[PDB]
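In: Kindly generate the corresponding structure for this input.
(chains A, B, C, D, E, F, G, H and I, ligands or ions: 39)
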Amino acid sequence: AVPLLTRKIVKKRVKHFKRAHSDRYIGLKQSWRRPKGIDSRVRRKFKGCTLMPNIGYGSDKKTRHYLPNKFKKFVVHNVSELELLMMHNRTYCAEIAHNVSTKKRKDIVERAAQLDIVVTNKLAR
Amino acid sequence: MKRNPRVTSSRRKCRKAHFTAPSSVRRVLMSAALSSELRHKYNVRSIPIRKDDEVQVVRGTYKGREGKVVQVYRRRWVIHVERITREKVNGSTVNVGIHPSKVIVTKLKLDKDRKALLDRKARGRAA
Amino acid sequence: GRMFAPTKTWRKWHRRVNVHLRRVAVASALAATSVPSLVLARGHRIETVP
Amino acid sequence: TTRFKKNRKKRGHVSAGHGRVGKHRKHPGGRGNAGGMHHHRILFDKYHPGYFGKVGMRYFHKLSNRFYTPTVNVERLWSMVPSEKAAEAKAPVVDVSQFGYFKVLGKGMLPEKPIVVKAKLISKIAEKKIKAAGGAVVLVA
Amino acid sequence: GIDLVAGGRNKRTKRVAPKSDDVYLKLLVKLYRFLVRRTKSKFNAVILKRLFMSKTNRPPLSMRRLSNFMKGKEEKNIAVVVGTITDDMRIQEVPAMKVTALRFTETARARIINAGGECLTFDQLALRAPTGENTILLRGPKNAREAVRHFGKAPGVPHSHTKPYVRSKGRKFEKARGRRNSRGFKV
Amino acid sequence: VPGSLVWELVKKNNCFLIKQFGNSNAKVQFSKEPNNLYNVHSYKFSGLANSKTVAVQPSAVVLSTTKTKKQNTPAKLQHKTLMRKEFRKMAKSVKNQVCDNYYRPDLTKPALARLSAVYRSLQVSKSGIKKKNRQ
RNA sequence: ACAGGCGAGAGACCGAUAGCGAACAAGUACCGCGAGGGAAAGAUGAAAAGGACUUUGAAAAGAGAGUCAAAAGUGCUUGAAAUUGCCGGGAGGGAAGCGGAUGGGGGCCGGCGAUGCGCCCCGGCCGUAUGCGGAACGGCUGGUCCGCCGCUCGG
RNA sequence: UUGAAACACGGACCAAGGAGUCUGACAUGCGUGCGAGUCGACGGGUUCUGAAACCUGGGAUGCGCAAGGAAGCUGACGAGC
RNA sequence: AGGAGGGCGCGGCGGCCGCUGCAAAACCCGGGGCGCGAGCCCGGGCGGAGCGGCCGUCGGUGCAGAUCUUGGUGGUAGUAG
Ligand SMILES: [K+]
Ligand SMILES: [K+]
Ligand SMILES: [K+]
Ligand SMILES: [K+]
Ligand SMILES: [K+]
Ligand SMILES: [K+]
Ligand SMILES: [K+]
Ligand SMILES: [K+]
Ligand SMILES: [Mg+2]
Ligand SMILES: [Mg+2]
Ligand SMILES: [Mg+2]
Ligand SMILES: [Mg+2]
Ligand SMILES: [Mg+2]
Ligand SMILES: [Mg+2]
Ligand SMILES: [Mg+2]
Ligand SMILES: [Mg+2]
Ligand SMILES: [Mg+2]
Ligand SMILES: [Mg+2]
Ligand SMILES: [Mg+2]
Ligand SMILES: [Mg+2]
Ligand SMILES: [Mg+2]
Ligand SMILES: [Mg+2]
Ligand SMILES: [Mg+2]
Ligand SMILES: [Mg+2]
Ligand SMILES: [Mg+2]
Ligand SMILES: [Mg+2]
Ligand SMILES: [Mg+2]
Ligand SMILES: [Mg+2]
Ligand SMILES: [Mg+2]
Ligand SMILES: [Mg+2]
Ligand SMILES: [Mg+2]
Ligand SMILES: [Mg+2]
Ligand SMILES: [Mg+2]
Ligand SMILES: [Mg+2]
Ligand SMILES: [Mg+2]
Ligand SMILES: [Mg+2]
Ligand SMILES: [Mg+2]
Ligand SMILES: [Mg+2]
Ligand SMILES: [Mg+2]
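Out: Residues are numbered from 1 along each chain as shown, chains lettered A, B, ... in the order given. Ligands and ions are numbered 1, 2, ... in the order given. Please find the structure below.
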């Protein structure tokens, strides 16, 4: 429907915390790992080095988990799970699960149009 | 639910017993259903396939086709039916193998032990 | 090689429960079967049960 | 249960909670009760005074059943008397041996009602307390 | 920078809820959270705190203690214990008392009822005494435990009567060289 | 067994409760049961932990309320009414059986809201959506 | 009592670098004078239907073609990374990569962004009261619904 | 390591595997049941899904309910501030 | 150094709720997002048969190092020769 959220969504950091030295080594993955070496520049927070996540970066409680379309996401797998958003259609949007087939996607997209529930990936498959 | 202590429900053991079976046991394992008319006449449901039995294919791409059993390849768990064939890339003809659980016997070849077998199986299926 | 701490057969498999505590648990599970809301919460379909 | 162990919380931390300097080694200090007079002497003296040395005389083939003397106090005697026997009571007579007791001891208060106690053994205060309540004692075997 | 310890935050810990998962106890806590919010009673505030306490912090109380703590004041007075009432064979006279407790043993429940008393739950005391008027709050012996006997100064220091941790009892279990003058010393 | 006792038993896990995104701040919960107007896992709205409940589901709209003295008998626990009149007449009956009766007056606004959504859902069912509501 | 032998049953066990060393011609191939040491190695397809024939080439092979649902094309289910070739794009004065911040270029996206809501001429339903049928709330009064009537008029 | 970018060691790269576990004895804490008691653990009975489960054996099996003493042996007569 | 709490992820077992030949798992992608983060959700492709989420409980449960194990692959190098 029309999103009920009116407070502007601000992000303290639209940027990922990539694991230190994952650029240097192919086998190191980008998922954050807290450095723990005794001499670590990144652990010791020298300027110019990789940044470390902390609780001060957290987002406003009123706007956290809201998608860019100002709705909050709920993943459905069939029609019955989609019926649960009819009373929350102004605050929640529906995403059809990744493994739901094209036949059932038609049924969920039809029922959500009747109920005025927004489906984020209704044009898929 | 099985109750016999002497019977194994182990999937490993059942598959080993099926695939490492002697020739005389594959004969019982390679049984076929009888047709509706034959089941009514003999009051038996299924019979082991035999050479020179007349058979109809009821499953697969050859469903509906008829013929007579020209070969019982027990080692491969398939039977060969007359004129159920395929051309190779070189144009030659090869018989297609069908599992006997996907056919029905329409005419039976009876010598003297087929009748005796039919009598034994009827009595249980009649009482 | 050899597993770090190879699993031995003298692990503690079976667990002792006091007889009295077992009887309390059965009596508590028996009474829960009579309130229909807790039966529905377990997923049983009892809408047409007299 | 492995899911609640603190080693699971120490994954990624180098020393597993044992220090970078004073590491986890095999047996620093020895094995078992080693050095209980040399480098563990303070621990043995502080928490286990009496540990070393020899006091008393030996008893070869000391059978436990020779020293079996279960005891019961006077303050518990009247719980062995049933309700209808106390109503009828003359004094009820209790053979404490039928309840598994050898000697009668005298801790606690008896009610001011007569009672006869049959026992193999009894203390002097227990006998004085029983007589002060108007009761009596019969020595049995 | 401001000169403070731990940033001024409270470093002492305390219980703000029961650690247990009993639903009947959770319902008692909700009831007594309401009572201390909207009656402002000192009695109800203590009840809520003790409802959070662990098993060793809620010692059992026997009949002998109850019949002596409630000696003459057993009329128009309800005895209140956040714990268990156990029975006592060492006493013969049991007066009629109104007692509320978390649990009663079946022998203590029989003893109270046969004497003319009542055994109440804390949801029944709330109806009778919403602010705890005309009640006697009681506790069992906190330090009457075998574990507490091993607490305190070490067994091998002067003026200490702390129990040692010994596997057995006898003449060969920690009685020489530190326990008498004939073997070394006697601490 | 009162509703407060039933709520604590069914609050943690439930055949109708759907939980998602774990147990962080990301957690999203809903209820699947009928007679749960907003499909929310809470004591006020639960169709399992309350003696008095209202159900507003389509078929024509069926309103269902439960009988307090028929808890032990599920087959006669639901008093169901089926209404096929205009919206205002249906909205008046919902207010009558829920608010004016004092049968859960706290649910009169959720019930009227759900009746609006159900009636609107049926409206487009007979005649397809000709306009989208993004303003 | 029973880590052997013969014969059975089961499992909150392992799943091909795991589980016995050995899922396979495994105590094998192979090593040591010898006592001894001791591997690697599972999976086309439902069915070989395992690729006829033309053409190029000394051949191996290629290019067409044929079989198959599929080339899945005999170490053939799926087929990651390291590393390599080609095509296209970008940068570069004795490293490059990295953090922050913009810009230039690219690649994406349309829940990426609206077109409805109140007032008026056309289409189309009924109060009030009734008979009747079921089933409610409170603790004997009052309540809703449906189908049918017979007055009624606002939606 | 007092001190590492170090002319201090390990590391060419990638994939898979790779290290506080199981058992016994104590201990504190916490949770559950019962409570001057508690434990049914070895056995027996039974068990038609069962190496589950269920019942039963303790008037003395183990820990508790009583110390002190090398031992012989004695063993808590009931508090105030 | 160290302790603790709350969470994320892997594999079973008891339950509950589902998905999938109208295409599951795995894998790939200058695709789009959510979360401080561990991670998660969706899209497109490949692939062709199985998989997931929630509650409880259990464990051979999380790698960058160990001149770590096994396998594969670089530069050196079309070089020494
Ligand atoms: K530690
Ligand atoms: K091997
Ligand atoms: K393939
Ligand atoms: K290039
Ligand atoms: K180095
Ligand atoms: K005993
Ligand atoms: K002496
Ligand atoms: K699990
Ligand atoms: Mg972010
Ligand atoms: Mg997908
Ligand atoms: Mg170290
Ligand atoms: Mg050390
Ligand atoms: Mg040192
Ligand atoms: Mg500051
Ligand atoms: Mg600090
Ligand atoms: Mg001195
Ligand atoms: Mg044997
Ligand atoms: Mg192997
Ligand atoms: Mg593997
Ligand atoms: Mg040689
Ligand atoms: Mg296949
Ligand atoms: Mg392949
Ligand atoms: Mg690559
Ligand atoms: Mg130095
Ligand atoms: Mg360094
Ligand atoms: Mg230097
Ligand atoms: Mg060194
Ligand atoms: Mg090196
Ligand atoms: Mg690994
Ligand atoms: Mg790439
Ligand atoms: Mg999984
Ligand atoms: Mg395992
Ligand atoms: Mg491991
Ligand atoms: Mg590795
Ligand atoms: Mg490391
Ligand atoms: Mg190396
Ligand atoms: Mg190697
Ligand atoms: Mg090389
Ligand atoms: Mg050269």
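In: Pull out the buried positions in the lengthiest helix in chain E.
Out: Longest helix in chain E by number of residues (criterion: DSSP state H): helix E:23-38. Buried residues in helix E:23-38, defined by neighbour count with 16 or more other Cβ atoms under 10 Å in any protein chain shown: E:26, E:27, E:28, E:29, E:31, E:32, E:35, E:36. Backbone N, C-alpha and C define where each C-beta goes, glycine included.
In: Moving C-terminal from it, which element do we reach first?
Out: helix E:42-50 (DSSP states H and E).
In: what does that next one contact?
Out: E:15, E:29, E:32-33, E:35-36, E:58, E:80, E:82, E:122, E:130-132, E:135, E:137 (Cβ atoms under 8 Å, 6 or more residues apart in numbering or on different chains).
In: quick one on the thing from earlier: is the longest helix of chain E in proximity to RNA strand I?
Out: No. Helix E:23-38 does not reach RNA strand I (Cβ under 7 Å from any atom of the strand); its nearest approach is 14.1 Å.
In: What segments of chain F are strands?
Out: F:17-20, F:28-31, F:54-58, F:61-66, F:78-83 (DSSP state E).
In: picking up where we left off before, and the contacts of helix E:42-50, which is closest to RNA strand G?
Out: For the contacts of helix E:42-50, the minimum distance to RNA strand G (Cβ to the nearest atom of the strand) is 22.6 Å, reached by residue E:130.
In: Next, that closest one: secondary structure please.
Out: Recorded secondary structure, residue E:130: coil (DSSP: H, G, I helix; E, B strand; the rest coil).
In: Isn't it up against residue E:35?
Out: Yes. Taking Cβ atoms under 8 Å as the definition, residue E:130 is a contact partner of residue E:35 at 6.7 Å.
In: is any part of the helix ranked longest in chain F close to RNA strand G?
Out: Longest helix in chain F, counting residues (DSSP H): helix F:108-126. No. Against RNA strand G, helix F:108-126 shows no contacts by Cβ under 7 Å from any atom of the strand, the least distance being 10.8 Å.
In: one step back: overlap in contacts, residue E:130 and residue E:35.
Out: Here residue E:130 and residue E:35 have E:41, E:44 as joint contacts, going by Cβ under 8 Å, 6+ apart.
In: How about chain A, which of its residues are in the neighbourhood of chain D?
Out: Contact residues, chain A versus chain D (Cβ under 8 Å from any Cβ of the partner chain): A:33, A:34, A:36, A:38.
In: if we can go back for a sec, quick one: which of the contacts of helix E:42-50 is nearest residue E:174?
Out: Checking these against residue E:174 by Cβ to Cβ gives residue E:58 as the nearest, at 33.8 Å.
In: Who are the contact partners of the residue nearest to the closest one when sequence neighbours are not counted?
Out: In space, and not counting its chain neighbours, residue E:58 is closest to residue E:83: 4.2 Å by Cβ to Cβ, 6 or more residues apart in numbering or on different chains. Contact analysis of residue E:83 by Cβ under 8 Å, 6+ apart lists E:58, E:59, E:60, E:61, E:101, E:102, E:103, E:139, E:140.
In: I'd assumed residue E:79 was in contact with the fourth one.
Out: No. The criterion here is Cβ under 8 Å, and residue E:61 misses it with residue E:79 at 9.0 Å.
In: Overlap of the contact sets of those two?
Out: Common neighbours of residue E:61 and residue E:79 (Cβ under 8 Å, 6+ apart) are residue E:138.
In: just to revisit the earlier point, distance check, the residue nearest to residue E:58 against residue A:41.
Out: The gap separating residue E:83 from residue A:41 is 58 Å, by Cβ to Cβ, to the nearest Å.
In: Can you tell me which residues in chain E are near chain A?
Out: Residues of chain E found near chain A (Cβ under 8 Å from any Cβ): none.
In: how about the strands of chain E, start to end?
Out: Under DSSP E, chain E gives strands at E:78-81, E:84-85, E:98-100, E:103-104, E:118-120, E:135-138, E:179-180, E:183-186.
In: Columns distance to residue F:9 on top of those strands, output as CSV?
Out: Converted to CSV, the strands of chain E look like this (distance: least, Cβ to Cβ, whole Å):
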stretch, distance to residue F:9
strand E:78-81, 28
strand E:84-85, 25
strand E:98-100, 25
strand E:103-104, 21
strand E:118-120, 25
strand E:135-138, 32
strand E:179-180, 58
strand E:183-186, 62
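In: so of these, which one's packed in deepest?
Out: Neighbour counts (mean count of other Cβ atoms under 10 Å in any protein chain shown) averaged over each of the strands of chain E peak at strand E:98-100, with a mean of 25.
In: Go ahead and name everything in contact with that one.
Out: Applying Cβ under 8 Å, 6+ apart, the contact partners of strand E:98-100 are E:66, E:74, E:77-81, E:85, E:112, E:117-122, E:124-125.
In: can we see that at 7 Å?
Out: Contacts of strand E:98-100 with the rest of the structure, by Cβ atoms under 7 Å, 6 or more residues apart in numbering or on different chains, involve E:66, E:78-80, E:85, E:112, E:117-122, E:124-125.
In: And stretch B:37-52, what's buried?
Out: Neighbour count says stretch B:37-52 has B:38, B:39, B:42, B:44, B:46, B:47, B:48, B:49, B:50 buried, by 16+ other Cβ under 10 Å.
In: Then stretch A:80-98?
Out: Residues A:81-89, A:91-96 are the ones in stretch A:80-98 that count as buried (16+ other Cβ under 10 Å).
In: Mind checking which of the residues you listed land in strands?
Out: Per DSSP E, these map to strands at A:92, A:93, A:94, A:95, A:96.
In: I figured the third one hits residue A:82, correct?
Out: Yes. Checked against Cβ atoms under 7 Å, the pair residue A:94 and residue A:82 is within contact range at 5.5 Å.
In: Tell me the bridge partners for residue A:119.
Out: Beta-bridge pairing for residue A:119 (DSSP bridges): residue A:94.
In: give me the number of residues near it?
Out: Neighbour count of residue A:119, defined by other Cβ atoms under 10 Å in any protein chain shown: 20.
In: Can you give me every residue that contacts it?
Out: Shown in contact with residue A:119 (Cβ under 7 Å, 6+ apart): A:94, A:96, A:109, A:112.
In: run the last query once more with 6 Å
Out: Each residue near residue A:119 by Cβ atoms under 6 Å, 6 or more residues apart in numbering or on different chains is listed here: A:94, A:109, A:112.
In: if I look at the last one, how far off is chain D?
Out: By that I understand residue A:112. 40 Å (Cβ to the nearest Cβ, to the nearest Å).
In: The helix or strand where residue B:70 lies and RNA strand G, are they touching?
Out: Here residue B:70, judged by DSSP H and E, is contained in strand B:66-73. No. If you take Cβ under 7 Å from any atom of the strand as the test, strand B:66-73 misses RNA strand G, and the best it gets is 8.7 Å.
In: elements contacting that strand?
Out: strand B:54-57, strand B:78-87 (3 or more Cβ pairs under 6 Å, 6 or more residues apart in numbering or on different chains; DSSP states H and E).
In: So which of the ones you listed is the most surrounded?
Out: Stretch with highest mean neighbour count among those: strand B:54-57 (a mean of 20; mean count of other Cβ under 10 Å).
In: So what touches that strand?
Out: The contact list for strand B:54-57, computed with Cβ under 6 Å, 6+ apart, reads B:63, B:65, B:66, B:68, B:69, B:81, B:103, B:104, B:105, B:106, B:107.
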